[PDB]
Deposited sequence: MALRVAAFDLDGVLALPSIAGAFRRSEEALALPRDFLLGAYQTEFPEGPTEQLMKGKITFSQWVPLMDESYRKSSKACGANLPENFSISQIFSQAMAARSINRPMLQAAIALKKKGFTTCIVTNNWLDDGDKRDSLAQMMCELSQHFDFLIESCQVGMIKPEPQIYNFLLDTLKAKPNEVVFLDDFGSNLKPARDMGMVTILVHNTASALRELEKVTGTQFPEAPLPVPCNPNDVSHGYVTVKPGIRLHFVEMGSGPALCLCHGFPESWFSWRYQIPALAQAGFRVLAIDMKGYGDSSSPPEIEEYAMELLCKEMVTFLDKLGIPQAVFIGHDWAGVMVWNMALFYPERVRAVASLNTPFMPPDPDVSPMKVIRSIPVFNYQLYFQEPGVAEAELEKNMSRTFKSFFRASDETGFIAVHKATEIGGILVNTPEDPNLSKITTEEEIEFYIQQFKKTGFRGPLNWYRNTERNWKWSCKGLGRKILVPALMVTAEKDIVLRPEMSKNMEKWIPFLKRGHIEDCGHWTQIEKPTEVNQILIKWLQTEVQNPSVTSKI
(Lines of atoms letter the chains of each structure in order from A and count residues from 1; the text may use other names and numbers.)
(Lines give C-alpha, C1' and ligand atoms only; values in the text may rest on other atoms or scores of the structure.)
Protein backbone atom coordinates (compact mmCIF):
# COMPACT_ATOMS: atom_id res chain seq x y z
CA UNK A 1 0.00 0.00 0.00
CA UNK A 2 0.99 3.64 0.08
CA UNK A 3 1.40 6.43 2.64
CA UNK A 4 0.90 10.13 1.93
CA UNK A 5 2.01 13.03 4.11
CA UNK A 6 1.35 16.75 4.12
CA UNK A 7 4.20 19.03 5.27
CA UNK A 8 2.60 22.28 6.48
CA UNK A 9 2.92 20.60 9.90
CA UNK A 10 2.99 16.77 9.58
CA UNK A 11 6.66 16.24 8.86
CA UNK A 12 7.86 19.62 10.13
CA UNK A 13 7.05 21.65 13.23
CA UNK A 14 6.27 24.27 14.45
CA UNK A 15 3.44 24.07 11.89
CA UNK A 16 2.30 27.32 10.24
CA UNK A 17 -6.95 33.96 -3.16
CA UNK A 18 -4.05 35.80 -4.88
CA UNK A 19 -1.12 34.36 -2.95
CA UNK A 20 -3.29 31.25 -3.44
CA UNK A 21 -1.34 31.41 -6.70
CA UNK A 22 1.89 31.53 -4.70
CA UNK A 23 0.96 27.96 -3.85
CA UNK A 24 0.28 27.10 -7.50
CA UNK A 25 3.69 28.43 -8.56
CA UNK A 26 3.10 31.40 -10.87
CA UNK A 27 4.61 33.57 -8.16
CA UNK A 28 7.71 33.09 -6.01
CA UNK A 29 8.42 34.09 -2.42
CA UNK A 30 10.08 37.41 -3.10
CA UNK A 31 6.71 38.21 -4.67
CA UNK A 32 4.34 40.47 -2.67
CA UNK A 33 7.11 40.31 5.58
CA UNK A 34 7.24 39.90 9.36
CA UNK A 35 6.76 36.14 8.72
CA UNK A 36 9.89 34.65 7.06
CA UNK A 37 11.72 33.53 10.20
CA UNK A 38 8.79 31.14 10.94
CA UNK A 39 9.68 28.74 8.09
CA UNK A 40 13.21 28.45 9.53
CA UNK A 41 12.14 27.65 13.09
CA UNK A 42 10.35 24.45 12.08
CA UNK A 43 12.32 21.19 11.77
CA UNK A 44 11.65 17.56 10.84
CA UNK A 45 8.99 15.67 12.79
CA UNK A 46 11.27 12.72 13.47
CA UNK A 47 8.84 10.17 14.93
CA UNK A 48 6.73 10.77 11.83
CA UNK A 49 9.72 10.44 9.56
CA UNK A 50 10.23 7.27 11.53
CA UNK A 51 6.66 6.16 10.91
CA UNK A 52 7.59 6.57 7.24
CA UNK A 53 10.80 4.53 6.89
CA UNK A 54 8.76 2.05 8.87
CA UNK A 55 6.29 1.44 6.06
CA UNK A 56 8.95 2.08 3.44
CA UNK A 57 10.89 -0.84 4.92
CA UNK A 58 7.64 -2.80 5.43
CA UNK A 59 6.97 -2.74 1.69
CA UNK A 60 4.78 0.29 1.04
CA UNK A 61 5.01 3.32 -1.17
CA UNK A 62 5.62 6.46 0.84
CA UNK A 63 5.12 9.98 -0.41
CA UNK A 64 4.45 13.63 0.24
CA UNK A 65 1.65 15.72 -1.26
CA UNK A 66 2.09 19.21 0.08
CA UNK A 67 0.94 22.71 -0.79
CA UNK A 68 4.45 23.85 -1.66
CA UNK A 69 5.81 27.20 -2.82
CA UNK A 70 9.01 28.39 -4.44
CA UNK A 71 11.45 29.82 -1.90
CA UNK A 72 13.91 32.39 -3.23
CA UNK A 73 14.11 33.85 0.28
CA UNK A 74 17.25 34.85 2.15
CA UNK A 75 16.90 31.76 4.29
CA UNK A 76 15.65 29.07 1.92
CA UNK A 77 18.75 26.97 2.59
CA UNK A 78 16.86 25.47 5.53
CA UNK A 79 14.03 24.17 3.36
CA UNK A 80 16.68 22.68 1.12
CA UNK A 81 18.29 20.61 3.90
CA UNK A 82 14.94 19.43 5.19
CA UNK A 83 13.87 18.69 1.67
CA UNK A 84 17.16 17.05 0.78
CA UNK A 85 16.78 15.02 3.95
CA UNK A 86 13.22 13.76 3.50
CA UNK A 87 14.14 13.13 -0.12
CA UNK A 88 15.64 9.73 0.52
CA UNK A 89 12.62 8.36 2.35
CA UNK A 90 9.85 8.72 -0.20
CA UNK A 91 9.10 7.55 -3.71
CA UNK A 92 7.07 10.55 -5.05
CA UNK A 93 6.91 14.32 -4.32
CA UNK A 94 3.57 15.94 -5.14
CA UNK A 95 4.53 19.55 -4.51
CA UNK A 96 1.62 21.94 -5.05
CA UNK A 97 3.76 24.68 -6.59
CA UNK A 98 5.15 22.09 -9.04
CA UNK A 99 2.04 20.56 -10.63
CA UNK A 100 -0.02 23.73 -10.76
CA UNK A 101 -2.90 22.40 -8.62
CA UNK A 102 -3.08 22.87 -4.82
CA UNK A 103 -4.98 21.38 -1.91
CA UNK A 104 -7.80 20.86 -1.58
CA UNK A 105 -8.65 21.24 -5.29
CA UNK A 106 -9.66 17.63 -6.29
CA UNK A 107 -7.52 17.75 -9.43
CA UNK A 108 -4.31 17.51 -7.35
CA UNK A 109 -5.60 14.40 -5.60
CA UNK A 110 -6.55 12.72 -8.87
CA UNK A 111 -3.01 13.53 -10.04
CA UNK A 112 -1.49 11.57 -7.17
CA UNK A 113 -3.31 8.25 -7.36
CA UNK A 114 -2.61 8.71 -11.07
CA UNK A 115 1.16 8.72 -10.65
CA UNK A 116 0.90 6.37 -7.68
CA UNK A 117 -1.01 3.84 -9.78
CA UNK A 118 -3.37 3.11 -6.91
CA UNK A 119 -7.00 2.97 -5.83
CA UNK A 120 -8.23 5.62 -3.33
CA UNK A 121 -8.86 2.77 -0.89
CA UNK A 122 -5.34 1.31 -0.66
CA UNK A 123 -3.79 4.72 0.08
CA UNK A 124 -3.76 6.78 3.29
CA UNK A 125 -3.31 10.57 3.44
CA UNK A 126 -2.07 12.62 6.40
CA UNK A 127 -2.96 16.25 7.09
CA UNK A 128 -2.98 18.56 10.10
CA UNK A 129 -6.02 20.39 8.72
CA UNK A 130 -8.87 18.10 7.80
CA UNK A 131 -10.35 20.67 5.46
CA UNK A 132 -7.75 19.14 3.12
CA UNK A 133 -8.60 15.57 4.17
CA UNK A 134 -12.29 15.83 3.23
CA UNK A 135 -11.52 15.03 -0.43
CA UNK A 136 -9.34 12.01 0.49
CA UNK A 137 -11.89 9.88 2.36
CA UNK A 138 -14.58 11.15 -0.01
CA UNK A 139 -12.57 9.44 -2.78
CA UNK A 140 -12.42 6.25 -0.72
CA UNK A 141 -9.07 7.00 0.86
CA UNK A 142 -8.13 6.22 4.44
CA UNK A 143 -7.91 9.69 5.98
CA UNK A 144 -5.98 10.57 9.17
CA UNK A 145 -5.85 13.99 10.88
CA UNK A 146 -3.15 15.44 13.13
CA UNK A 147 -4.26 18.37 15.38
CA UNK A 148 -1.30 17.65 17.73
CA UNK A 149 2.41 16.76 17.30
CA UNK A 150 1.67 13.09 16.38
CA UNK A 151 1.25 10.14 18.75
CA UNK A 152 -2.52 9.81 18.47
CA UNK A 153 -1.60 10.12 14.81
CA UNK A 154 1.07 7.46 14.49
CA UNK A 155 -1.26 5.49 16.78
CA UNK A 156 -4.35 5.15 14.55
CA UNK A 157 -1.62 4.77 11.99
CA UNK A 158 -0.16 1.71 13.69
CA UNK A 159 -3.56 0.02 13.42
CA UNK A 160 -3.43 0.37 9.65
CA UNK A 161 -0.37 -1.81 9.22
CA UNK A 162 2.20 -2.36 11.98
CA UNK A 163 3.81 -0.91 15.13
CA UNK A 164 6.57 1.65 15.68
CA UNK A 165 9.14 1.76 18.53
CA UNK A 166 9.28 4.57 21.08
CA UNK A 167 13.09 4.58 21.05
CA UNK A 168 14.08 3.89 17.42
CA UNK A 169 17.42 3.65 15.71
CA UNK A 170 19.13 6.29 13.61
CA UNK A 171 18.18 5.82 9.97
CA UNK A 172 20.61 3.36 8.36
CA UNK A 173 21.75 5.16 5.20
CA UNK A 174 22.16 2.88 2.13
CA UNK A 175 22.81 1.15 -0.20
CA UNK A 176 23.59 2.14 -3.78
CA UNK A 177 21.32 5.07 -2.90
CA UNK A 178 24.66 6.83 -2.33
CA UNK A 179 27.48 8.46 -4.33
CA UNK A 180 30.61 6.38 -4.94
CA UNK A 181 33.86 8.26 -5.31
CA UNK A 182 36.99 6.65 -6.74
CA UNK A 183 40.42 8.23 -6.22
CA UNK A 184 43.50 6.65 -7.76
CA UNK A 185 46.42 7.45 -5.45
CA UNK A 186 49.18 5.31 -6.99
CA UNK A 187 49.20 3.38 -10.27
CA UNK A 188 47.58 0.03 -9.52
CA UNK A 189 45.89 1.34 -6.37
CA UNK A 190 42.64 3.29 -6.25
CA UNK A 191 40.53 4.00 -3.14
CA UNK A 192 36.74 3.85 -3.37
CA UNK A 193 34.56 5.69 -0.85
CA UNK A 194 31.17 7.28 -0.27
CA UNK A 195 30.04 10.91 0.06
CA UNK A 196 27.29 12.83 1.79
CA UNK A 197 26.48 16.41 2.75
CA UNK A 198 28.49 19.62 2.53
CA UNK A 199 31.86 20.35 4.20
CA UNK A 200 33.93 20.43 6.28
CA UNK A 201 35.27 16.97 5.53
CA UNK A 202 35.68 14.06 7.89
CA UNK A 203 36.71 10.66 6.60
CA UNK A 204 35.35 7.57 8.35
CA UNK A 205 37.83 4.67 8.18
CA UNK A 206 36.66 1.15 9.09
CA UNK A 207 38.42 -1.78 10.77
CA UNK A 208 38.85 -5.55 10.57
CA UNK A 209 37.09 -7.30 9.02
CA UNK A 210 34.68 -4.58 7.90
CA UNK A 211 33.80 -2.02 5.19
CA UNK A 212 32.59 1.57 4.74
CA UNK A 213 29.12 0.04 4.96
CA UNK A 214 29.78 -0.29 8.68
CA UNK A 215 29.30 3.44 9.23
CA UNK A 216 25.91 3.05 7.59
CA UNK A 217 24.34 4.58 10.71
CA UNK A 218 26.78 7.41 11.32
CA UNK A 219 27.17 8.62 7.74
CA UNK A 220 23.68 10.11 7.24
CA UNK A 221 23.31 11.63 10.70
CA UNK A 222 26.86 12.95 10.51
CA UNK A 223 26.03 14.51 7.17
CA UNK A 224 22.80 16.01 8.42
CA UNK A 225 24.92 17.21 11.33
CA UNK A 226 26.39 19.66 8.85
CA UNK A 227 29.27 17.65 7.45
CA UNK A 228 30.73 16.18 4.28
CA UNK A 229 31.41 12.55 5.17
CA UNK A 230 33.76 10.20 3.36
CA UNK A 231 33.03 6.62 4.39
CA UNK A 232 36.15 5.17 2.81
CA UNK A 233 36.79 1.52 1.96
CA UNK A 234 40.17 0.94 3.61
CA UNK A 235 42.94 -0.32 1.34
CA UNK A 236 42.50 -4.04 0.77
CA UNK A 237 38.75 -4.04 1.49
CA UNK A 238 35.69 -3.88 -0.79
CA UNK A 239 35.96 -1.75 -3.93
CA UNK A 240 39.46 -0.36 -3.28
CA UNK A 241 42.61 -2.01 -4.60
CA UNK A 242 43.55 -5.00 -2.42
CA UNK A 243 47.08 -6.03 -3.44
CA UNK A 244 48.61 -9.36 -2.41
CA UNK A 245 51.91 -7.87 -1.13
CA UNK A 246 52.33 -7.52 2.64
CA UNK A 247 54.60 -4.47 2.56
CA UNK A 248 51.70 -2.80 0.79
CA UNK A 249 49.98 -2.50 4.17
CA UNK A 250 52.75 -1.10 6.35
CA UNK A 251 51.01 1.49 8.51
CA UNK A 252 53.66 3.94 7.31
CA UNK A 253 52.26 3.58 3.79
CA UNK A 254 48.57 3.42 4.63
CA UNK A 255 48.99 6.79 6.32
CA UNK A 256 50.97 8.24 3.43
CA UNK A 257 48.38 7.14 0.88
CA UNK A 258 45.62 8.30 3.15
CA UNK A 259 47.30 11.68 2.75
CA UNK A 260 47.67 11.38 -1.01
CA UNK A 261 43.98 10.48 -1.26
CA UNK A 262 43.37 13.92 0.26
CA UNK A 263 45.57 15.96 -2.12
CA UNK A 264 44.12 14.12 -5.09
CA UNK A 265 40.64 14.97 -3.80
CA UNK A 266 41.72 18.57 -3.39
CA UNK A 267 40.78 18.51 0.32
CA UNK A 268 43.50 20.30 2.41
CA UNK A 269 42.27 19.03 5.78
CA UNK A 270 39.81 16.60 7.33
CA UNK A 271 38.50 15.13 10.53
CA UNK A 272 39.70 11.60 10.95
CA UNK A 273 37.49 9.27 12.90
CA UNK A 274 38.85 5.76 13.05
CA UNK A 275 37.84 2.49 14.67
CA UNK A 276 39.78 -0.75 15.16
CA UNK A 277 42.85 -1.03 12.93
CA UNK A 278 41.74 2.20 11.26
CA UNK A 279 41.76 3.91 14.63
CA UNK A 280 45.41 2.97 14.86
CA UNK A 281 46.12 4.64 11.52
CA UNK A 282 43.98 7.62 12.50
CA UNK A 283 46.19 8.25 15.60
CA UNK A 284 49.31 7.85 13.48
CA UNK A 285 47.80 10.24 10.97
CA UNK A 286 47.42 12.71 13.81
CA UNK A 287 50.92 11.85 14.91
CA UNK A 288 52.65 12.09 11.52
CA UNK A 289 50.51 14.57 9.60
CA UNK A 290 49.19 17.28 11.92
CA UNK A 291 48.64 19.78 9.11
CA UNK A 292 46.14 17.60 7.29
CA UNK A 293 44.22 16.50 10.38
CA UNK A 294 41.62 19.02 11.56
CA UNK A 295 40.82 16.61 14.40
CA UNK A 296 40.89 12.91 15.41
CA UNK A 297 38.48 10.51 17.10
CA UNK A 298 38.98 6.84 17.86
CA UNK A 299 36.61 4.07 18.81
CA UNK A 300 37.85 1.34 21.15
CA UNK A 301 41.36 1.61 19.68
CA UNK A 302 43.66 3.52 22.10
CA UNK A 303 46.92 5.26 21.29
CA UNK A 304 49.57 2.71 22.20
CA UNK A 305 53.02 4.06 21.25
CA UNK A 306 55.68 1.37 20.78
CA UNK A 307 58.31 0.37 23.33
CA UNK A 308 61.80 1.14 21.95
CA UNK A 309 63.48 -1.60 23.94
CA UNK A 310 60.71 -4.15 23.63
CA UNK A 311 60.39 -6.24 20.47
CA UNK A 312 56.83 -5.49 19.23
CA UNK A 313 56.31 -9.17 18.53
CA UNK A 314 57.17 -10.15 22.06
CA UNK A 315 54.46 -7.83 23.34
CA UNK A 316 52.06 -9.95 21.27
CA UNK A 317 53.48 -13.33 22.26
CA UNK A 318 52.74 -11.96 25.71
CA UNK A 319 49.21 -10.51 25.85
CA UNK A 320 47.03 -13.69 25.98
CA UNK A 321 44.03 -12.07 24.28
CA UNK A 322 46.08 -11.60 21.10
CA UNK A 323 46.54 -15.23 20.13
CA UNK A 324 44.12 -15.24 17.20
CA UNK A 325 46.04 -12.22 16.13
CA UNK A 326 49.17 -14.38 16.14
CA UNK A 327 47.23 -17.04 14.25
CA UNK A 328 46.72 -14.46 11.50
CA UNK A 329 50.45 -14.00 11.12
CA UNK A 330 50.87 -17.00 8.82
CA UNK A 331 49.68 -16.08 5.25
CA UNK A 332 47.09 -18.33 3.61
CA UNK A 333 46.20 -19.95 6.90
CA UNK A 334 43.89 -17.45 8.55
CA UNK A 335 42.54 -16.60 5.10
CA UNK A 336 41.63 -20.19 4.30
CA UNK A 337 39.49 -20.36 7.45
CA UNK A 338 37.51 -17.16 7.03
CA UNK A 339 37.01 -17.64 3.30
CA UNK A 340 35.85 -21.29 3.51
CA UNK A 341 32.43 -19.95 4.46
CA UNK A 342 31.88 -16.23 4.65
CA UNK A 343 28.33 -16.58 5.99
CA UNK A 344 29.43 -18.04 9.36
CA UNK A 345 32.70 -16.15 9.34
CA UNK A 346 30.59 -13.00 9.59
CA UNK A 347 27.60 -13.75 11.77
CA UNK A 348 30.45 -15.13 13.89
CA UNK A 349 32.68 -12.04 14.08
CA UNK A 350 29.72 -9.71 14.40
CA UNK A 351 28.00 -10.42 17.72
CA UNK A 352 26.79 -8.20 20.59
CA UNK A 353 28.52 -7.55 23.93
CA UNK A 354 25.91 -9.83 25.47
CA UNK A 355 25.75 -12.71 22.99
CA UNK A 356 26.95 -16.31 22.56
CA UNK A 357 29.03 -17.86 19.73
CA UNK A 358 32.09 -15.66 20.41
CA UNK A 359 35.38 -15.77 18.51
CA UNK A 360 38.41 -17.66 19.90
CA UNK A 361 40.71 -14.67 20.34
CA UNK A 362 43.17 -16.48 22.67
CA UNK A 363 42.94 -20.23 22.02
CA UNK A 364 43.51 -19.71 18.25
CA UNK A 365 46.84 -21.48 17.85
CA UNK A 366 46.09 -24.72 19.69
CA UNK A 367 42.48 -25.29 18.69
CA UNK A 368 43.56 -24.57 15.09
CA UNK A 369 41.66 -21.37 14.34
CA UNK A 370 39.76 -18.27 15.44
CA UNK A 371 36.55 -20.15 14.60
CA UNK A 372 37.32 -23.72 15.68
CA UNK A 373 34.82 -23.16 18.45
CA UNK A 374 31.54 -21.39 17.62
CA UNK A 375 28.57 -23.15 16.06
CA UNK A 376 28.64 -24.09 12.37
CA UNK A 377 25.44 -22.30 11.51
CA UNK A 378 25.72 -19.29 13.80
CA UNK A 379 22.54 -17.49 14.78
CA UNK A 380 21.83 -14.08 13.27
CA UNK A 381 23.02 -11.54 15.85
CA UNK A 382 20.44 -8.94 16.83
CA UNK A 383 22.91 -6.48 15.36
CA UNK A 384 23.02 -7.36 11.65
CA UNK A 385 20.28 -8.35 9.21
CA UNK A 386 20.85 -11.22 6.79
CA UNK A 387 20.99 -8.61 4.05
CA UNK A 388 23.34 -6.45 6.09
CA UNK A 389 25.59 -9.50 6.22
CA UNK A 390 25.20 -10.39 2.56
CA UNK A 391 26.68 -7.04 1.57
CA UNK A 392 29.77 -7.85 3.62
CA UNK A 393 29.83 -11.19 1.85
CA UNK A 394 29.59 -9.85 -1.69
CA UNK A 395 32.14 -7.25 -0.72
CA UNK A 396 34.63 -9.84 0.50
CA UNK A 397 33.79 -12.31 -2.26
CA UNK A 398 35.50 -9.85 -4.63
CA UNK A 399 38.36 -8.74 -2.39
CA UNK A 400 39.21 -12.02 -0.69
CA UNK A 401 40.68 -12.05 2.83
CA UNK A 402 44.43 -11.86 2.35
CA UNK A 403 44.54 -8.11 1.79
CA UNK A 404 42.69 -7.19 5.01
CA UNK A 405 44.76 -9.60 7.12
CA UNK A 406 47.99 -8.13 5.73
CA UNK A 407 47.14 -5.30 8.12
CA UNK A 408 48.24 -7.54 10.99
CA UNK A 409 51.34 -8.82 9.21
CA UNK A 410 53.42 -5.58 9.34
CA UNK A 411 54.43 -5.59 13.03
CA UNK A 412 58.18 -5.00 12.89
CA UNK A 413 58.00 -2.26 10.29
CA UNK A 414 55.10 -0.58 12.09
CA UNK A 415 57.10 -0.66 15.33
CA UNK A 416 60.21 0.69 13.62
CA UNK A 417 58.14 3.52 12.17
CA UNK A 418 55.98 4.65 15.12
CA UNK A 419 59.21 4.81 17.06
CA UNK A 420 60.00 8.07 15.31
CA UNK A 421 57.05 9.87 16.81
CA UNK A 422 58.11 9.03 20.33
CA UNK A 423 59.59 12.37 21.25
CA UNK A 424 56.50 14.28 20.20
CA UNK A 425 52.82 14.19 21.08
CA UNK A 426 49.31 14.64 19.69
CA UNK A 427 48.59 18.35 19.99
CA UNK A 428 45.54 18.59 17.71
CA UNK A 429 41.94 18.10 18.89
CA UNK A 430 41.44 14.46 19.92
CA UNK A 431 38.70 12.13 21.07
CA UNK A 432 39.04 8.69 22.58
CA UNK A 433 35.85 6.71 22.80
CA UNK A 434 36.09 3.59 24.93
CA UNK A 435 33.83 0.55 24.80
CA UNK A 436 33.06 -1.28 28.05
CA UNK A 437 32.45 -4.98 27.31
CA UNK A 438 35.08 -4.92 24.58
CA UNK A 439 36.96 -8.14 25.22
CA UNK A 440 40.11 -7.32 23.27
CA UNK A 441 40.80 -3.57 22.94
CA UNK A 442 39.56 -3.12 26.53
CA UNK A 443 39.04 0.48 27.74
CA UNK A 444 41.57 0.35 30.60
CA UNK A 445 44.20 0.18 27.84
CA UNK A 446 43.92 3.97 27.42
CA UNK A 447 44.38 5.28 31.01
CA UNK A 448 47.87 6.70 30.37
CA UNK A 449 47.03 7.95 26.87
CA UNK A 450 47.11 11.49 28.29
CA UNK A 451 50.84 11.14 28.96
CA UNK A 452 50.94 11.47 25.17
CA UNK A 453 47.72 13.34 24.45
CA UNK A 454 46.93 16.12 26.91
CA UNK A 455 43.57 17.85 26.49
CA UNK A 456 42.51 14.52 25.04
CA UNK A 457 38.73 14.49 25.47
CA UNK A 458 37.06 11.14 26.11
CA UNK A 459 33.80 9.34 25.60
CA UNK A 460 32.72 5.99 27.04
CA UNK A 461 29.78 3.70 26.28
CA UNK A 462 28.33 0.89 28.43
CA UNK A 463 27.23 -2.63 27.43
CA UNK A 464 29.13 -2.10 24.17
CA UNK A 465 31.14 -4.82 22.45
CA UNK A 466 33.75 -4.27 19.74
CA UNK A 467 31.23 -3.42 17.03
CA UNK A 468 30.44 0.00 18.50
CA UNK A 469 29.08 1.68 15.35
CA UNK A 470 26.60 -1.18 14.94
CA UNK A 471 25.91 -2.01 18.60
CA UNK A 472 25.39 1.42 20.15
CA UNK A 473 24.86 3.57 17.02
CA UNK A 474 22.60 6.32 18.32
CA UNK A 475 25.01 7.02 21.16
CA UNK A 476 28.12 6.79 18.96
CA UNK A 477 26.44 9.40 16.82
CA UNK A 478 25.56 11.72 19.70
CA UNK A 479 28.97 11.48 21.28
CA UNK A 480 30.63 12.09 17.93
CA UNK A 481 28.39 14.94 16.86
CA UNK A 482 28.44 16.77 20.18
CA UNK A 483 32.20 16.33 19.99
CA UNK A 484 32.65 17.93 16.55
CA UNK A 485 30.00 20.43 17.57
CA UNK A 486 32.11 21.72 20.44
CA UNK A 487 35.18 22.18 18.15
item: Deposited sequence positions missing from the model - stretches, numbered from 1, in order; value: 1-3, 20-47, 64-89, 545-554
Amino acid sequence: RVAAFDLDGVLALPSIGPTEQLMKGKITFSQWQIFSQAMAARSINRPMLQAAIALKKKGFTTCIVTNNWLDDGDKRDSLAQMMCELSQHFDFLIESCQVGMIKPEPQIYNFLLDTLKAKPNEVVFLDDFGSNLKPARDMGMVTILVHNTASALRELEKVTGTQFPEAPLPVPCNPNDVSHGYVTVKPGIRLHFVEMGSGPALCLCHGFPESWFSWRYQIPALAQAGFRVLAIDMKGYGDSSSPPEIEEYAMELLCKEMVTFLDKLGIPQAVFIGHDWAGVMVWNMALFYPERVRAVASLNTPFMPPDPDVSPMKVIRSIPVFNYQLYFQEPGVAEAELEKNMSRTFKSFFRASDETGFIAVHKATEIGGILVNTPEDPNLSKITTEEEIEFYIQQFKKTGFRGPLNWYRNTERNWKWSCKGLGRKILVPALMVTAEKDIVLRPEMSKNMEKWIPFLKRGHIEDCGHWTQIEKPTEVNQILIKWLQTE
From here on, numbers count along this sequence of modelled residues.
{"property": "Greater mean Cα temperature factor according to the PDB record, 84-92 or 108-116", "result": "108-116"}
{"property": "Of 442-450 and 424-432, the one with larger mean CA B-factor", "result": "442-450"}
{"property": "Highest-ranked of 330, 339, 252, 354 once sorted by CA temperature factor in the record", "result": "354"}
{"property": "Residue, from 200, 236, 172, 140, that the PDB entry assigns the highest Cα B-factor", "result": "140"}
{"property": "Third of chain Cα B-factors occupied by residue 10", "result": "middle"}
{"property": "Ranked against its chain, the third holding the CA B-factor of residue 45", "result": "middle"}
{"property": "Entry-reported Cα temperature factor of residue 128, expressed as the chain third it lands in", "result": "highest"}
{"property": "Lowest, middle or highest third - CA B-factor, residue 361", "result": "middle"}
{"property": "Record-listed C-alpha B factor of residue 419: chain third", "result": "lowest"}
